[PDB]
Structure formats: structure tokens, C-alpha cells
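Since the structure comes first, as C-alpha cells, the remarks are kept for the end.
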Amino acid sequence: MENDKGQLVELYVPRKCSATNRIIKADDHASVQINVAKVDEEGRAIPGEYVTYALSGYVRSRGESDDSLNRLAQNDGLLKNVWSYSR
Amino acid sequence: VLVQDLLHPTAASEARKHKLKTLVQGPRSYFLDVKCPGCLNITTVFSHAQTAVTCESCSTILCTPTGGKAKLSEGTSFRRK
Amino acid sequence: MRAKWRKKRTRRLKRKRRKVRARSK
Amino acid sequence: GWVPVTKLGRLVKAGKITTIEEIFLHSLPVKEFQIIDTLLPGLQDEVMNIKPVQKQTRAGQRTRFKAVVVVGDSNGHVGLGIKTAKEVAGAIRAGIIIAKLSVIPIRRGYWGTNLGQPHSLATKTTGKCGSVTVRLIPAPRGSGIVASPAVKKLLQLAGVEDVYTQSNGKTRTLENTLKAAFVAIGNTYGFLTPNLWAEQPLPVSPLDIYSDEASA
Amino acid sequence: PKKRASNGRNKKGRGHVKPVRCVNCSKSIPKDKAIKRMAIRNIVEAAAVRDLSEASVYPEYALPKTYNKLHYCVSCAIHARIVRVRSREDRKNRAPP
Amino acid sequence: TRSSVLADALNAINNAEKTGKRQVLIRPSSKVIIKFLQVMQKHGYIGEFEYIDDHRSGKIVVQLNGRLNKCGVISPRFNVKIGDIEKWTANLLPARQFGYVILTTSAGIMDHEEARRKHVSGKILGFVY
Amino acid sequence: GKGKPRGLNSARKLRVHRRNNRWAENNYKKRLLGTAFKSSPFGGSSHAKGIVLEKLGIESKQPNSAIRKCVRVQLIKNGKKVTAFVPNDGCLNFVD
Amino acid sequence: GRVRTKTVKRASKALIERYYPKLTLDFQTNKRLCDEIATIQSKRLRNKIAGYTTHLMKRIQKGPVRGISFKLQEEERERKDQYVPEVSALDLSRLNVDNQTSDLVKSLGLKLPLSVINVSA
Amino acid sequence: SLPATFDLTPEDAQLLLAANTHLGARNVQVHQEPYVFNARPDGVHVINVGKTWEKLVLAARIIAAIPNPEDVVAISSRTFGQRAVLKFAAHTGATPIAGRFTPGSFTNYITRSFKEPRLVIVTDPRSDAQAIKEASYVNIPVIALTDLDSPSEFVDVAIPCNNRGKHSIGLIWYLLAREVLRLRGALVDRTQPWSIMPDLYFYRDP
RNA sequence: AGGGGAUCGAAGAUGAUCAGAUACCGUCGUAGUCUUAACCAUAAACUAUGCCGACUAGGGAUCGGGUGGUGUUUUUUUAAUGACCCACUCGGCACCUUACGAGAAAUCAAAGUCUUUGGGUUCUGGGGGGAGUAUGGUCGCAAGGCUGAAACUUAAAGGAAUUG
Ligand SMILES: [Mg+2]
Ligand SMILES: [Mg+2]
Ligand SMILES: [Mg+2]
Ligand SMILES: [Mg+2]
Ligand SMILES: [Mg+2]
Ligand SMILES: [Mg+2]
Ligand SMILES: [Mg+2]
Ligand SMILES: [Mg+2]
Ligand SMILES: [Mg+2]
Ligand SMILES: [Mg+2]
Ligand SMILES: [Mg+2]
Ligand SMILES: [Mg+2]
């Protein structure tokens, strides 16, 4: 947050899970952060460039991490018809 | 699954589900056009009879009641209406 | 003692107290 | 000398990590207590109580002492550690290493009209350990920490000045009461609030930018 | 505390089971709770077969068998080198040896 | 039997949001369910939702963003006086800066913040945060 | 429903249920039944006066081995005989 | 009993770990050589190590021994690790795809040589 | 996106089908596996190899995105994947773990076998649960080769394959190595066949 | 209160054991056990878990009904049925895994959606004894059932797990 005159307070604004919009707490050890590489016209990965996906430990514990990343990766252009909205 | 189109289920899934548990419930029965031998006298029967339906002119047999779908006669032509 | 036989002991006692009290009315 | 053996420990000596919130942001596990000492040198420790636990054996009872120690600077960080040892001094020393490894941030907020310097908790929070339930409610200015002396000074070391408290269960169990309060304060950052609804670019973990300073 | 989920027996939706008598001590025990064992043995022995063959007309007769269903109570089974006692985690296994 | 259809509507939303589901189906889609949902969506707590018109009562498919923490009904619907809203706001809202005690008044269904502006109170329906 | 009625017209059931259930409270039961007025040899009063009738050497319970030096007093206002303690070292000599 | 302790066993295994192209299957040579490559504070222990080394050498002569890796067997075991066939078991010898698999082939927009054989319950 | 040269080539579908990578498990099915395609008679479910390939490429992109090759860890306890992981670590940094896992290789920072990987690759989640369980303690992503009945808890992007057969297990390890090398640029030509024989990653019983 | 009364068998009689043994073991054996008409109204009558309603994780099996499949076998190779196999489904008795969650724990798919405390409703409890006792009612032929205290006394009784 912040006080009446700018001066942002509440240090450490935390991350939110990509698949659930849920805060990844500082003690969540099941949560992971996936980095997937990019390619430029040659099939060679560009070092230092990633599409980053953060998943909370709740979905990973429920077995829905794999499915949620299929939806997440398909709609970012780096995947294909493996995932379908209509189940 | 945590995400899915609950508004447009596939026709395969709606086919398997119970009639009351589809997106909008509807009957899975139908009506037939029975070709009784002899006179044309086309008769309409339900998929589930609950009664021994017989033709108006020659009322021998057209279908027999059953726990589920009605059983048509041995010699008979039919088309779903 | 067993709760079963404390139930039995008290019932016998209530028999007599229902009988000695009948000697007066 | 420290000579750590951990990827996170190597980054601390290299100086690539300067704020402990950078550890909190990426949920990096802490397995070496010198990381907390290097990042947070201003934390203070104190022991609530020492109690003897005894094991029945073929020849007499085996007495050991349980040490409950709370660490943390008075600005936004606390850690709670519990350890048993056959000596009281050894348990207290070992109960400080555990306490530092579990340092967590507290989300402070205002009871209203945010003039500045958050003086209370942002939201209602609760923590349950065993039968003990500890509830914390934001309080106006000057009301202090309305709590029992054991719970109060844990909140004093958290940087919270004004708060209300309600307790349940066998609160005379000091170990579970502090564990229930430690859960409640840690939950202040797990509660999503409308001012945190904004999206973020999901920054890259420091373990990738500084991979050259790893073990290999 | 509750030792077992079934609590001794196989009664879930029966109400009453109309018990049977123990074959060793005549104790009454509900049939589901009983420890039924089936005893199927040859008519003579594994040792008398050698002498009952040549001393028999109708060579290789049948070697017939005896069939008997035995019921034991909880006490009679434990005392007879049967289902005696297991550990807390071994108690949950229902597979025969 | 079904006593209140709003409780089943809100409990299904809570159970859906606990698992992380982006959507949930609500039956049988009363009016006050729509009015309650419209307030939640006005403040950005649910998002889009869809009404399915079967001929009996209707169904609702609600798209759920991850912003919602708890929606609940208050049963019975107590009569809330104008000065007692601060009491209800105090008991069952997380903080003084966010959260709405949705109550039904003669001027439609609206949260306590809008009720204060209009200076009108009524019966309490529920809460959202 | 977690037990108790919640209906907005269920005030009588809740009020009567609480009234019936308060009789399990020792203080509520003792106060309304008037046990202090009809028992507890005082008349519900803090102090009372009487006449010493005997000097008693009541022996303490276990684990404890001593003699307590109590007295037997008959209340003036009621006439009931009660036992009272004479607390201090050597104060039984003033209450002959 | 004649069960040998870890001191007899670990030392015997360590010698074999690095002295295979060395001391043979004979105890007399074994004990005359172990005291030259390793120092032991007592003769009784030095005899047990040489006796167990002789015993473990014989087990090596007939197949490998689990937990023992000397210079000669690790290079031989890795030498056969690159062995590859010439038939190319994944290469086509004629492929047989069932009816359901045949539906997969054309669905992906790919043409393959297929010999469909029906399979039924 | 992709330059559209990463699609399933006709020769790739030869190896997948000749190795029977498309033959999934029996009617026992997990709801977390929509990769099933047109269940065959006799109960066998045919896996959509088109989904296997695209998922396999996604796994390879993640492996090539890790700054250090040695921070990848390949774990296989099954006897059919013990050879495959070792040679996967022959052509890639990918520090391997073949055989037992030694519970405490990711926690217990003082242990001899301590490793700190940024990604873990496992063959069978069911038999490799100990590796998967500890990865949930130190914020480590996990890539698995999941059959149609394999568990999917704490498992990130997974490659649907046939873990029952030895031909399918080794082929996926062979494939994954080939694409990660291509993404890194070691294999200069995308259309090159990588003459290294696919039966290199294939277990031998003697 | 009639009928019936084989078997087993409160009581009782006996043999034995025992320091004693009016018990356990053995042999007899009355009431009872069985039935008809009428009472009794209890039980660890237990799932020690009130009823109605909604939602929340996976898996197989089974019972009843239904649907589909050129599916297998018997009639009349051949149809329909019947019995099996595969898929789905509604309802039931349960079962396996896990812990999102709950619990003091044992454990629990409900004993979950309960300090982020409210779907509807019924009943019961308020430290351990005295005590389910006294007394007064009411029901029963009786045995007894239901309702049900107080004086007094006490600092612990009690639940689940831990190590001996
Ligand atoms: Mg209390
Ligand atoms: Mg017991
Ligand atoms: Mg009303
Ligand atoms: Mg005492
Ligand atoms: Mg009763
Ligand atoms: Mg019963
Ligand atoms: Mg069923
Ligand atoms: Mg069925
Ligand atoms: Mg049933
Ligand atoms: Mg009380
Ligand atoms: Mg009481
Ligand atoms: Mg106990």
C-alpha cells in the first residue's frame, strides 16, 4: 500500500499464481517458476529471454499444474491444439 | 480441470449424461411411424409404450410394454418421426 | 463393583423399602 | 569464517542479494542461519520459557529442556524457534538458529485515514495450533498491543504497535499459543486485498541472473 | 478408542445376523463375526495312501476327500495358532496368506 | 428442502473459489442472486457471468477471477437500522478500507457504502470480500 | 443449522431454552433456590455471633499431621451449632 | 562365528578398488603384499584382510561382485555400453497400425505406409 | 511462436509408432489426462502422438532455458530408463541419478549426494515419488514422462508416453536429448537426422 | 391364561476341583425355550454419529432398473428373448488412495465448506460423587417404566496418544 502522500509502504509486494491469481507466500516451498525459452527464426534459443510462469503450491499439490500450464502455454502462442477449452 | 466451457459442453459429453443433468434437460425418447401390415393406416407410437398399442382398423398388435423402450412387433417397418 | 450389580443391589433395596412402607399404609 | 555450501549462501557473500525481501519475493528456502545474520543484523532474540520434558526408562527418567525463543528486528520481521536439549544453555543457543531460519514478514496496515507509518495490521488474521486459536484485529492509534505478556512481546518484536487479540483453547500451553500467533502474523501476506489486485511482470529469480556465482 | 472400522465383523446393512455356534467351545457368535475355515483333506493320509492302494480292489480307486466348514470364536481362534494377533498396520490387510 | 437459493448460490461460489476454479454453475438462478452477483461484479470480485434460460428457473455460469476471498449470506435477514450498519460492518468485515455488507433496502439491493450515501437501510442479505 | 433455531420469529424458543438450561449452573441454581436463606447456617450474612460451647482438637487431613484447635459455637440468631476455627499460633487461650 | 567386521571388509574392498592389476588369488602372496601397500598396526588384522582379499578375488573371477569397481571392469563395462545393432530395430522391416491408430495418422495430416490389421474383443 | 519447422516430420512419426509410444494404459484412466485419442478395442487407449510431440518440444525449450546445463537432473529408478538417463547426461550436462535416490538429496544440505537443480526430469512419477516429493520442498520444477494412469501431483509439463515398453521409454529420452541439443545450437541443422543411433538409449538384459 | 413340551437349560440336585468353591468342568434337571390371546416398552435398541437440502478429490468392484454396441454362446447355423462382454447412466450396501479441509488425537468424503464464526429444524449436556437415589405424581397384574431432587462430600474424575 501507501500512505496519504505517495511514499509507498508495505514492503515486498508479492507474486501471484498465474493459474489462480493467488499470492505465493514466502514460505510456500511447493510453488515453482517455469522459464521457457524463445526462438528467433533459427530454432536456437536466445539466452536470457524467457516466458515466465509461476504456479502456486496449491495447484501443484492437486495434480492440476500440468493441465494449467497447457492452457497457459497455448494462449501465449508457444503451444498448439493439445489443449481445448471445451472438455 | 479448473477451467472449461461450462456453456458449450461437447455433444459427446451431453450424450452420456443423464437427461436431467444436461445443460438444459430434455427427453431422450421419440415417436415412430409404424407400418402395420395390410392397410396403410399409419400409426404413431411412443418410444416407451406402457400399453399394447394397436391399429385403428386391424387391432392385433403394434408394440408391447416393457420396463424401458417398447418392443415392436415381429413383422413391422418403422421410421423415427 | 460392577454397574450391573449395583443396579441389581439397588433394585432389591427398593423392593424392601416398598414393602416395609406398606406395613403402615 | 562461514564458507557456506548453498547457492543462496554463495549469493550473499558475493553481495548479489542485499535485501531479505528479495528472498521473500522468490520464496527461496533458507538453510543457513548466517544468511539471516548477514541480511538482518538488527534482530533481537529472547526466551519466553524453559520447560522440562522427561522420558520414562528402565532406570529413572531422562530429563530434557524445551527452549522457546523468538527472534526478529522491531521492523517487520519475526522468527520462532523451538528446540530440546539435555542442557538449558545448549537448547537456547540451538533455539536461536531455528528461530532465525523461520523469519517471516508481517504486513502492517492502517485502521483508517492512512496518515503514514502503518501502525497496525491490514486485515483480520487468525492462526490455530493444536487447540489454541489466536485472533488479531487492527486497532486504532495509541491502543497498544492488547495481548497477554507472552503474545504481546512477540508482537512487539514484529513492529506492530496497535492490535487487538482474542484467544481460545488451552492458552496456558505456551508453545502452542506462540505457534498459533506465529501463523496469524505470517498469514498477513497470504490475504489478497484490493490494493494488491494489480498485475506484475513476474521478475526473474536471482538464482538465474547470477548463475556464474553458483557452485560450478 | 475404536480399534477397527468394521469393529469385529462384516455387518453393514444387516441389523441382525442369526449367530452360529463355535465348533470348539460351543460359544455363540454372529456368523459374519465368525472366523470360518474350510477343511478339505484326503480320506486317509499322505502316509496311508501307500498301504491302502495295494490292499484295495478297484486299483487306484478314487482317493476321496472330506469336506468340512469350521467356525471358531475370537477366543478359540487365537488359542489355536490361527489369526492370533497382528500389528496396527498389519491389521488392515484382508488378503489371505 | 431448499430453504434459501442465495446460500446455495454463494456456497457454491465459495467452494469453487477455494479450489481455484475459473467458473461455476449456479442453480436455480433467482432474481436476488443476479442482484447480489451484480454488486460483486461491479466491484470486480467475480467478473462476467451468464444466465442460462431453461424454462423452469434458470441457471447461472459465473466466471470467477481469483480476487474473491469469501462471499456469504446472513440468515435470517435481520432488520438493520441506519445506525446499526457500523455494527455489522465491524463484526464480519476484514478491515475498514475494503469489504461490503450487501443489504436489501427499499431502494434496491446495494452495499453498505452506497446505502450510507443514500441514507437508507433495510434488511441484511450478506457480505463480500 | 448447527442446532438452535435461526428463524426471525424464534425468539421464544431461544429464550425458553436458555431459561431451562440455566438450572445446570451452580450459581444460578443456588441463588434462585435460596439455599443461603434456608441453609448455610448464616442467614446469608457475612458475619455472625454466637456462644462457645466446647474446645475441639480436630485432627487435620492427609497428608498432614497436626491438631487444629477449633471451637464449637451456637449461633445467637438461629440456634445452630457450628464449628469455627481460631486462626493464629496460641489464640485458643483467649477463647476459653 | 567367522563373520568378519567392517574393518576387515572395508579395507579388503578398498584394496581391490585400486589394486586389481596387482595381488593374485593366493593368500601367501596376498599377505606378503598387503603389508607392503598398506600399514596395519597388528598381524592378526593384516592376516584377516589378506584372507578376505583372497576370498573376494575368487568371487571376481566368476562374474562381477556388487559394490566392487576396479580399473579393469569399469572400462570393460563401459566399453560394451556403446554397443548398437545394425538391424535398426526402429527401422521398418516391411508398419502395422490398428484401425484406431490409422485414424490418428490422417488426423495429424501425415502420410505413412500402413498395413491395417483389425483387432477385436 | 514457432517457425513452423518444429512440426511432426513424417520420419518422427515412424519412430514413435514403430516404438509403440502411442499404446497407453488400459481402461484405468486418470481424469488429468486428456491426451487419450480414440480408445482402441481390447481396452488399450491410443495416445495422441501429436500432443506428445508438442509437449515434448515445450519440455525441451524449458531445459534449454536453464543457464547451466549441470543444473538439470535426470532421475530414473526403473530398469528400462537407467541406461537412457545416463546417455542423456552424456550429450548434455544434465547431472544424472540412475538407481536409488537416497532420500535427502535435495534437503539435508550436508549430505554427500546433495544436489541443487533448477529442474528435475523423471521417467515414472509412480516409482520416482521420493524424488518428486523432495522437489516440492525446495521449489524445484519437475518434468515427467507420464503414462495415461500415472499420478500427476507436483508434476509440471509432462510427456505422454508408453512407460510400459522399453522401446517407448528410451525413444523419448533419445528425442528429448536431440531437441535440447538443437535448441542450444550444437546440432546446426534442424533437418539433420542426428546420425547417433536411436537404439543408443535402449536397455539390454544380459 | 390354554396348547405343546423333542432339544438346550436361570433354579435345584449331584460328582469333581479347591484352604474354602453355594463358581468356572461333569451328570441330571424345573421354569423357560415353541405356539395362540393379552401384557411388559427395556438393550453396548451402536454407525456409541438426529432429519431434510446444496457444494467440494480421485478408483475399481458389486446389487436393482434403463440405454447403446453388425459384440460371444444356446433355439430354428440363423431372429426376438436368456445368460455373458464392452461403454454410459440413475438409485443402494459398502470399499481403496490422498489430505484441499477438519480434529486433542485416534481418525473423518464427512466428524469437510466452523474466529473469513449464520441453509432449515428437533433433541440433549454444563467438574467428580451422593444419584438415576429419596420424595410426589403417572403407567403396569407384577417385575418395573417415565418424570425426578436435596442435604452432604470432594480437587480433581475423565478423553486420545507418548516412553517405560
Ligand atoms: Mg478458556
Ligand atoms: Mg482398549
Ligand atoms: Mg418469517
Ligand atoms: Mg491434596
Ligand atoms: Mg435407553
Ligand atoms: Mg438393536
Ligand atoms: Mg454404482
Ligand atoms: Mg449397473
Ligand atoms: Mg443396498
Ligand atoms: Mg459448568
Ligand atoms: Mg455434572
Ligand atoms: Mg486412556
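Only the coordinates and a few stated rules stand behind these numbers; no lab work does. All Cβ positions, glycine included, derive from the backbone under ideal geometry; neighbour counts span all protein chains shown.
Data overview
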{"item": "Selection from D:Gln200, D:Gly144, D:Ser120 lying farthest towards where the dipole of chain D points positive, charges on Cβ", "result": "D:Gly144"}
{"item": "Cleavage-rule hits (trypsin sites (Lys or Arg not before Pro)) in chain G: DSSP loop, at most 14 neighbouring Cβ within 10 angstrom", "result": "G:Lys2, G:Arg6, G:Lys49, G:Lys61, G:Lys77, G:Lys80"}
{"item": "Backbone HN-Hα couplings from phi across segment I:76-83 [Karplus 6.51/-1.76/1.60, Hz, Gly and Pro as x]", "result": "9, 9, 5, 5, 7, x, 5, 5"}
{"item": "Residues of segment I:67-84 with amide N under 18 Å of a point placed 7 Å along Cα→Cβ from I:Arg100", "result": "I:75-79, I:82"}
{"item": "Whole-angstrom gap from segment D:8-72 to segment F:1-46, using each part's C-alpha centre", "result": "45 Å"}
{"item": "Sequence-separation-based contact order of segment D:108-196, relative, with Cα cut under 8 Å and 6+ spacing, percent", "result": "34 percent"}
{"item": "DSSP-loop trypsin sites (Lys or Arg not before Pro) across segment E:47-97, with at most 16 other Cβ within 10 angstrom", "result": "E:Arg81, E:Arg84, E:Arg86, E:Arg88, E:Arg91, E:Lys92, E:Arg94"}
{"item": "Sparse-neighbour loop sites [GluC sites (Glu not before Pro); chain A; at most 16 other C-beta within 10 Å; DSSP]", "result": "A:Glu41, A:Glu42"}
{"item": "Part-to-part distance (alpha-carbon centres) for segment I:16-33 and chain C, which is given in Å", "result": "78 Å"}
{"item": "Amide N proximity, segment F:69-83 versus G:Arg15 label position 7 Å along Cα-to-Cβ, cut-off under 19 Å", "result": "F:76, F:78-79"}
{"item": "Nearby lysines by direct alpha-carbon distance to I:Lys87 (threshold 17 angstrom, same-chain neighbours under 8 apart not counted)", "result": "H:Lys80, I:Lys166"}
{"item": "Residues with amide H under 5 Å from that of I:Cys161, placed H, sequence gap 5 or more", "result": "I:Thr146, I:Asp147"}
{"item": "Filter on E:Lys3/G:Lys2; D:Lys7/H:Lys71; D:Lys31/D:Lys86; E:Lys92/I:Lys133; F:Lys70/G:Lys29 - keep pairs with C-alpha separation over 32 Å", "result": "D:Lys7/H:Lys71; F:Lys70/G:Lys29"}
{"item": "Shielding of A:51-63 by partner chains, average beta-carbon count, 10 Å", "result": "5"}
{"item": "Nitroxide proxy distance, nm - points 7 Å out along Cα→Cβ at E:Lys31 and F:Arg116", "result": "7.3 nm"}
{"item": "Relative contact order computed over chain I (Cα-Cα under 8 Å; 6+ residues apart), in percent", "result": "24 percent"}
{"item": "Rel. contact order, % - alpha carbon contacts under 8 angstrom, at least six apart, chain E", "result": "27 percent"}
{"item": "Calculated FRET efficiency for the pair I:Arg190/H:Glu76, C-beta based, R₀ 45 Å, to 0.05", "result": "0.75"}
{"item": "I:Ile97 long-range amide H proximity, modeled H, under 5 Å", "result": "I:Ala74, I:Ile75, I:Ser76"}
{"item": "Under-5 Å amide H pairs with F:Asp54, H placed in peptide plane, nonlocal only", "result": "F:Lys59"}
{"item": "Residue (of D:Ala89, I:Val30, E:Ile40) at the positive-pole extreme of the protein assembly as shown, dipole from beta-carbon charges", "result": "E:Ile40"}
{"item": "Chain D: most fluctuating residue of D:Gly159, D:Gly42, D:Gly76 per GNM, C-alpha cutoff 10 Å", "result": "D:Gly42"}
{"item": "Kyte-Doolittle mean at least -1.0 and Cα axial length at least 15 Å: DSSP H helices in chain D", "result": "D:88-101, D:174-186"}
{"item": "Residue-by-residue Karplus 3J(HN,Hα) for segment G:71-78, coefficients 6.51, -1.76, 1.60, Hz, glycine and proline x", "result": "10, 10, 10, 10, 5, 6, 6, 10"}
{"item": "Bridge type composition, segment D:108-196 - antiparallel percent by DSSP, nearest 5", "result": "95 percent"}
{"item": "Cα centroid of segment I:57-134 to Cα centroid of segment G:1-70, whole Å", "result": "72 Å"}
{"item": "Separation in nanometres of the label points that stand 7 Å from Cα toward Cβ, at C:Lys7 and F:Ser106", "result": "6.5 nm"}
{"item": "Förster radius 22 Å - calculated FRET efficiency between H:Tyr19 and H:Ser42, Cβ distance, rounded to 0.05", "result": "0.60"}
{"item": "Rounded FRET efficiency, nearest 0.05, which uses the C-beta distance separating F:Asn65 from D:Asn195 and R0 of 22 Å", "result": "0.90"}
{"item": "Max mean-square fluctuation residue, GNM over chain G, Cα-Cα springs under 10 Å, options G:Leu53, G:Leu75, G:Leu32", "result": "G:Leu32"}
{"item": "Distance in nm between pseudo-label sites at G:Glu54 and F:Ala7 (7 Å out along the Cβ direction from Cα)", "result": "6.7 nm"}
{"item": "Hz values of 3J(HN,Hα) by residue in segment E:64-73 - Karplus curve (6.51, -1.76, 1.60), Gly and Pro given as x", "result": "x, 10, 10, 10, 7, 9, 9, 10, 10, 8"}
